[PDB]
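Engineer: Below is upload05.cif; it holds mmCIF, C-alpha atoms (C1' of nucleotides); chains and numbers go by the auth columns.
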```cif
data_input
#
loop_
_atom_site.group_PDB
_atom_site.id
_atom_site.type_symbol
_atom_site.label_atom_id
_atom_site.label_comp_id
_atom_site.label_asym_id
_atom_site.label_seq_id
_atom_site.Cartn_x
_atom_site.Cartn_y
_atom_site.Cartn_z
_atom_site.B_iso_or_equiv
_atom_site.auth_seq_id
_atom_site.auth_asym_id
ATOM 1 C CA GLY A 1 -61.979 -38.151 -69.525 0.00 1 A
ATOM 2 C CA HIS A 2 -59.389 -38.188 -66.716 0.00 2 A
ATOM 3 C CA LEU A 3 -60.446 -34.576 -66.027 0.00 3 A
ATOM 4 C CA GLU A 4 -62.201 -32.813 -63.142 0.00 4 A
ATOM 5 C CA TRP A 5 -60.849 -35.205 -60.531 0.00 5 A
ATOM 6 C CA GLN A 6 -62.956 -33.565 -57.830 0.00 6 A
ATOM 7 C CA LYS A 7 -65.966 -35.062 -59.613 0.00 7 A
ATOM 8 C CA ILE A 8 -64.119 -38.383 -59.940 0.00 8 A
ATOM 9 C CA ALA A 9 -63.398 -38.429 -56.203 0.00 9 A
ATOM 10 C CA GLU A 10 -67.018 -37.524 -55.444 0.00 10 A
ATOM 11 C CA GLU A 11 -68.258 -40.346 -57.685 0.00 11 A
ATOM 12 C CA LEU A 12 -65.840 -42.755 -55.996 0.00 12 A
ATOM 13 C CA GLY A 13 -67.805 -42.226 -52.780 0.00 13 A
ATOM 14 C CA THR A 14 -64.998 -43.101 -50.344 0.00 14 A
ATOM 15 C CA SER A 15 -64.409 -39.496 -49.179 0.00 15 A
ATOM 16 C CA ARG A 16 -61.243 -39.198 -51.267 0.00 16 A
ATOM 17 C CA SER A 17 -60.150 -35.832 -52.639 0.00 17 A
ATOM 18 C CA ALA A 18 -59.110 -34.873 -56.155 0.00 18 A
ATOM 19 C CA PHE A 19 -55.394 -34.802 -55.349 0.00 19 A
ATOM 20 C CA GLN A 20 -55.259 -38.302 -53.828 0.00 20 A
ATOM 21 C CA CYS A 21 -57.318 -39.795 -56.662 0.00 21 A
ATOM 22 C CA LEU A 22 -55.089 -38.157 -59.269 0.00 22 A
ATOM 23 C CA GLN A 23 -51.926 -39.273 -57.471 0.00 23 A
ATOM 24 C CA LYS A 24 -53.109 -42.893 -57.346 0.00 24 A
ATOM 25 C CA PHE A 25 -54.241 -42.871 -60.981 0.00 25 A
ATOM 26 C CA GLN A 26 -50.998 -41.304 -62.207 0.00 26 A
ATOM 27 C CA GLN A 27 -49.004 -43.847 -60.213 0.00 27 A
ATOM 28 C CA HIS A 28 -51.053 -46.538 -61.980 0.00 28 A
ATOM 29 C CA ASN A 29 -51.791 -44.788 -65.319 0.00 29 A
ATOM 30 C CA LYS A 30 -50.412 -46.627 -68.351 0.00 30 A
ATOM 31 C CA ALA A 31 -50.729 -43.414 -70.373 0.00 31 A
ATOM 32 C CA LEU A 32 -48.364 -41.615 -67.982 0.00 32 A
ATOM 33 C CA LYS A 33 -45.751 -44.291 -67.277 0.00 33 A
ATOM 34 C CA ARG A 34 -44.606 -44.609 -70.896 0.00 34 A
ATOM 35 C CA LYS A 35 -43.583 -48.184 -71.461 0.00 35 A
ATOM 36 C CA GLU A 36 -44.206 -47.126 -75.080 0.00 36 A
ATOM 37 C CA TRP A 37 -42.195 -45.069 -77.579 0.00 37 A
ATOM 38 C CA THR A 38 -43.154 -42.229 -79.913 0.00 38 A
ATOM 39 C CA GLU A 39 -41.376 -40.578 -82.828 0.00 39 A
ATOM 40 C CA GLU A 40 -41.246 -37.069 -81.348 0.00 40 A
ATOM 41 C CA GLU A 41 -39.868 -38.333 -78.033 0.00 41 A
ATOM 42 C CA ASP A 42 -37.095 -40.231 -79.825 0.00 42 A
ATOM 43 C CA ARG A 43 -36.246 -37.283 -82.085 0.00 43 A
ATOM 44 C CA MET A 44 -36.113 -34.754 -79.250 0.00 44 A
ATOM 45 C CA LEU A 45 -34.208 -37.149 -76.972 0.00 45 A
ATOM 46 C CA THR A 46 -31.591 -37.585 -79.695 0.00 46 A
ATOM 47 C CA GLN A 47 -31.444 -33.821 -80.255 0.00 47 A
ATOM 48 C CA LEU A 48 -30.937 -32.976 -76.575 0.00 48 A
ATOM 49 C CA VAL A 49 -28.420 -35.791 -76.061 0.00 49 A
ATOM 50 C CA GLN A 50 -26.376 -34.663 -79.064 0.00 50 A
ATOM 51 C CA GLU A 51 -26.574 -31.041 -77.897 0.00 51 A
ATOM 52 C CA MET A 52 -25.367 -31.784 -74.355 0.00 52 A
ATOM 53 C CA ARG A 53 -23.563 -35.139 -74.230 0.00 53 A
ATOM 54 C CA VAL A 54 -19.785 -35.090 -73.852 0.00 54 A
ATOM 55 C CA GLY A 55 -18.018 -38.409 -74.276 0.00 55 A
ATOM 56 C CA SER A 56 -19.853 -41.154 -72.398 0.00 56 A
ATOM 57 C CA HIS A 57 -21.843 -38.819 -70.105 0.00 57 A
ATOM 58 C CA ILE A 58 -25.412 -37.856 -71.012 0.00 58 A
ATOM 59 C CA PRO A 59 -28.194 -36.201 -68.971 0.00 59 A
ATOM 60 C CA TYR A 60 -30.172 -39.418 -68.737 0.00 60 A
ATOM 61 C CA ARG A 61 -33.178 -38.108 -66.781 0.00 61 A
ATOM 62 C CA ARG A 62 -32.856 -34.308 -66.978 0.00 62 A
ATOM 63 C CA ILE A 63 -34.257 -34.614 -70.507 0.00 63 A
ATOM 64 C CA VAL A 64 -37.497 -35.719 -68.811 0.00 64 A
ATOM 65 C CA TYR A 65 -38.400 -32.085 -68.097 0.00 65 A
ATOM 66 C CA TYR A 66 -38.769 -31.639 -71.863 0.00 66 A
ATOM 67 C CA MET A 67 -40.406 -34.993 -72.766 0.00 67 A
ATOM 68 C CA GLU A 68 -43.635 -35.906 -70.996 0.00 68 A
ATOM 69 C CA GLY A 69 -44.597 -39.066 -69.130 0.00 69 A
ATOM 70 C CA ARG A 70 -41.096 -40.074 -68.004 0.00 70 A
ATOM 71 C CA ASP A 71 -38.827 -39.982 -64.940 0.00 71 A
ATOM 72 C "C1'" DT B 1 -32.558 -54.366 -81.789 0.00 1 B
ATOM 73 C "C1'" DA B 2 -31.259 -48.637 -79.086 0.00 2 B
ATOM 74 C "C1'" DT B 3 -33.409 -46.936 -75.891 0.00 3 B
ATOM 75 C "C1'" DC B 4 -36.261 -46.239 -71.839 0.00 4 B
ATOM 76 C "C1'" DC B 5 -39.979 -46.449 -67.397 0.00 5 B
ATOM 77 C "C1'" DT B 6 -39.540 -46.781 -62.548 0.00 6 B
ATOM 78 C "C1'" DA B 7 -42.996 -51.623 -60.183 0.00 7 B
ATOM 79 C "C1'" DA B 8 -39.009 -53.375 -56.449 0.00 8 B
ATOM 80 C "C1'" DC B 9 -34.416 -52.801 -55.348 0.00 9 B
ATOM 81 C "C1'" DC B 10 -28.926 -50.866 -55.320 0.00 10 B
ATOM 82 C "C1'" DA B 11 -25.533 -46.371 -55.255 0.00 11 B
ATOM 83 C "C1'" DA B 12 -25.439 -41.680 -54.198 0.00 12 B
ATOM 84 C "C1'" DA B 13 -27.284 -36.566 -53.313 0.00 13 B
ATOM 85 C "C1'" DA B 14 -30.301 -34.368 -50.331 0.00 14 B
ATOM 86 C "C1'" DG B 15 -33.783 -34.448 -46.961 0.00 15 B
ATOM 87 C "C1'" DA B 16 -35.246 -35.958 -42.757 0.00 16 B
ATOM 88 C "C1'" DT B 17 -35.643 -38.156 -37.508 0.00 17 B
ATOM 89 C "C1'" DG B 18 -34.078 -39.316 -32.795 0.00 18 B
ATOM 90 C "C1'" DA B 19 -29.971 -40.063 -29.302 0.00 19 B
ATOM 91 C "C1'" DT B 20 -25.911 -38.184 -27.772 0.00 20 B
ATOM 92 C "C1'" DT B 21 -22.082 -34.454 -26.850 0.00 21 B
ATOM 93 C "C1'" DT B 22 -20.662 -29.844 -26.175 0.00 22 B
ATOM 94 C "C1'" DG B 23 -21.652 -24.687 -25.850 0.00 23 B
ATOM 95 C "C1'" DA B 24 -24.214 -22.160 -22.854 0.00 24 B
ATOM 96 C "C1'" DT B 25 -27.252 -20.975 -18.587 0.00 25 B
ATOM 97 C "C1'" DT B 26 -27.883 -20.648 -13.664 0.00 26 B
ATOM 98 C "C1'" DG B 27 -29.072 -22.267 -8.369 0.00 27 B
ATOM 99 C "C1'" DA B 28 -26.883 -22.082 -4.440 0.00 28 B
ATOM 100 C "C1'" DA B 29 -23.161 -20.834 -1.747 0.00 29 B
ATOM 101 C "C1'" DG B 30 -17.929 -18.644 -0.447 0.00 30 B
ATOM 102 C "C1'" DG B 31 -18.550 -13.838 0.339 0.00 31 B
ATOM 103 C "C1'" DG B 32 -19.104 -9.519 2.408 0.00 32 B
ATOM 104 C "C1'" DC B 33 -21.884 -5.461 2.737 0.00 33 B
ATOM 105 C "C1'" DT B 34 -26.303 -2.043 4.879 0.00 34 B
ATOM 106 C "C1'" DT B 35 -28.352 1.885 8.589 0.00 35 B
ATOM 107 C "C1'" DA B 36 -30.065 1.694 13.773 0.00 36 B
ATOM 108 C "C1'" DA B 37 -28.518 2.418 18.453 0.00 37 B
ATOM 109 C "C1'" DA B 38 -24.384 2.881 22.287 0.00 38 B
ATOM 110 C "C1'" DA B 39 -19.600 3.349 23.750 0.00 39 B
ATOM 111 C "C1'" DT B 40 -14.750 4.681 25.477 0.00 40 B
ATOM 112 C "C1'" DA B 41 -10.378 5.506 23.437 0.00 41 B
ATOM 113 C "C1'" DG B 42 -7.923 8.104 20.710 0.00 42 B
ATOM 114 C "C1'" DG B 43 -3.972 9.904 15.926 0.00 43 B
ATOM 115 C "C1'" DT B 44 -3.360 14.442 12.507 0.00 44 B
ATOM 116 C "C1'" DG B 45 -4.650 17.207 8.018 0.00 45 B
ATOM 117 C "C1'" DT B 46 -6.947 20.148 6.567 0.00 46 B
ATOM 118 C "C1'" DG B 47 -9.812 23.272 5.816 0.00 47 B
ATOM 119 C "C1'" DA B 48 -11.769 27.105 7.421 0.00 48 B
ATOM 120 C "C1'" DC B 49 -10.217 31.508 9.225 0.00 49 B
ATOM 121 C "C1'" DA B 50 -7.772 35.704 8.252 0.00 50 B
ATOM 122 C "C1'" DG B 51 -4.510 38.743 5.980 0.00 51 B
ATOM 123 C "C1'" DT B 52 -2.021 41.023 2.486 0.00 52 B
ATOM 124 C "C1'" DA B 53 -0.956 39.575 -2.855 0.00 53 B
ATOM 125 C "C1'" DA B 54 -0.763 40.047 -7.505 0.00 54 B
ATOM 126 C "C1'" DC B 55 -2.180 40.462 -11.834 0.00 55 B
ATOM 127 C "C1'" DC B 56 -4.951 42.111 -14.862 0.00 56 B
ATOM 128 C "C1'" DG B 57 -23.930 68.923 -37.472 0.00 57 B
ATOM 129 C "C1'" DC B 58 -22.301 73.745 -36.191 0.00 58 B
ATOM 130 C "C1'" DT B 59 -19.581 77.921 -33.739 0.00 59 B
ATOM 131 C "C1'" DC B 60 -15.913 80.037 -30.342 0.00 60 B
ATOM 132 C "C1'" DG B 61 -10.762 79.679 -27.517 0.00 61 B
ATOM 133 C "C1'" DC B 62 -5.966 78.765 -27.335 0.00 62 B
ATOM 134 C "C1'" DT B 63 -1.285 78.307 -29.324 0.00 63 B
ATOM 135 C "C1'" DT B 64 3.078 79.344 -32.300 0.00 64 B
ATOM 136 C "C1'" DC B 65 7.010 81.383 -35.526 0.00 65 B
ATOM 137 C "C1'" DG B 66 8.083 84.484 -38.621 0.00 66 B
ATOM 138 C "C1'" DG B 67 7.589 89.964 -41.312 0.00 67 B
ATOM 139 C "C1'" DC B 68 8.231 93.887 -40.576 0.00 68 B
ATOM 140 C "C1'" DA B 69 9.059 97.575 -36.523 0.00 69 B
ATOM 141 C "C1'" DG B 70 12.558 99.848 -33.112 0.00 70 B
#
```
Starting from the file, lay out its structure as structure tokens.
Structural biologist:
Amino acid sequence: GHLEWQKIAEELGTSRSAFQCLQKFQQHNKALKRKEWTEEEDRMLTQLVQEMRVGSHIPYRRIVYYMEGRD
DNA sequence: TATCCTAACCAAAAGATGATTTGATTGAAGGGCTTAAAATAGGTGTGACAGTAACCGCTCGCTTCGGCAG
């Protein structure tokens, strides 16, 4: 279930640890790197942009702290 | 589409990696000692010497100045 990555590393059998396995998976996890879009992400992105943006300047990536699976 | 992620790459903050320059240290030498001795030749100031110097709780005895005396 993408959980207990110590067990995942042990099952891998190449002497990897949980942290390395998780790092590699997250760097190649479609669920994390959101090529997709969701309604709540769009709504909250619009809300934060409208709250903060002045003129043509918006906090393009500082919104990522609030919305998951982004950069 | 409006917008984004962030694979691989461009612009900028910050975060870091080694070579070079400047602030700082010091190793060795100029130097200028030491007592230890032995010595002739010396000059006087000064510091003892010494002196005067000066400055710094109860109960008797004794006395006087008037108020009548002479």
Engineer: Would you compute the distance between CA of residue 70 (chain A) and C1' of residue 6 (chain B)? Give it in Å to one decimal.
Structural biologist: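 So the two atoms, CA of residue 70 (chain A) and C1' of residue 6 (chain B), lie 8.8 Å apart.
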Engineer: Can you give me, as a ChimeraX atom specification, the residues this file yields under the PyMOL selection byres ((chain A) within 12 of (chain B))?
Structural biologist: /A:27-28,30-38,41-43,45-46,60-61,63-64,68-71
Engineer: Find the smallest box with edges along x, y and z containing every listed atom of region 39-57 of chain B, then add 6 Å on each side and report centre and edge lengths in Å to one decimal, as AutoDock Vina command-line options.
Structural biologist:
```
--center_x -12.3 --center_y 36.1 --center_z -6.0 --size_x 35.2 --size_y 77.6 --size_z 74.9
```
Engineer: To one decimal place in Å, what is the distance between CA of residue 58 (chain A) and CA of residue 40 (chain A)?
Structural biologist: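 Computing the Euclidean distance for CA of residue 58 (chain A) and CA of residue 40 (chain A) yields 18.9 Å.
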Engineer: With only C-alpha atoms as the atoms that count, which of A:53, A:62, A:5, A:12 lies nearest to residue 26 (chain A)?
Structural biologist: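 Checking each of A:53, A:62, A:5, A:12 against residue 26 (chain A), counting only C-alpha atoms, the winner is A:5.
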Engineer: Can you tell me how far CA of residue 59 (chain A) sits from CA of residue 22 (chain A), in Å to one decimal?
Structural biologist: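 Answer for the CA of residue 59 (chain A) to CA of residue 22 (chain A) separation: 28.7 Å.
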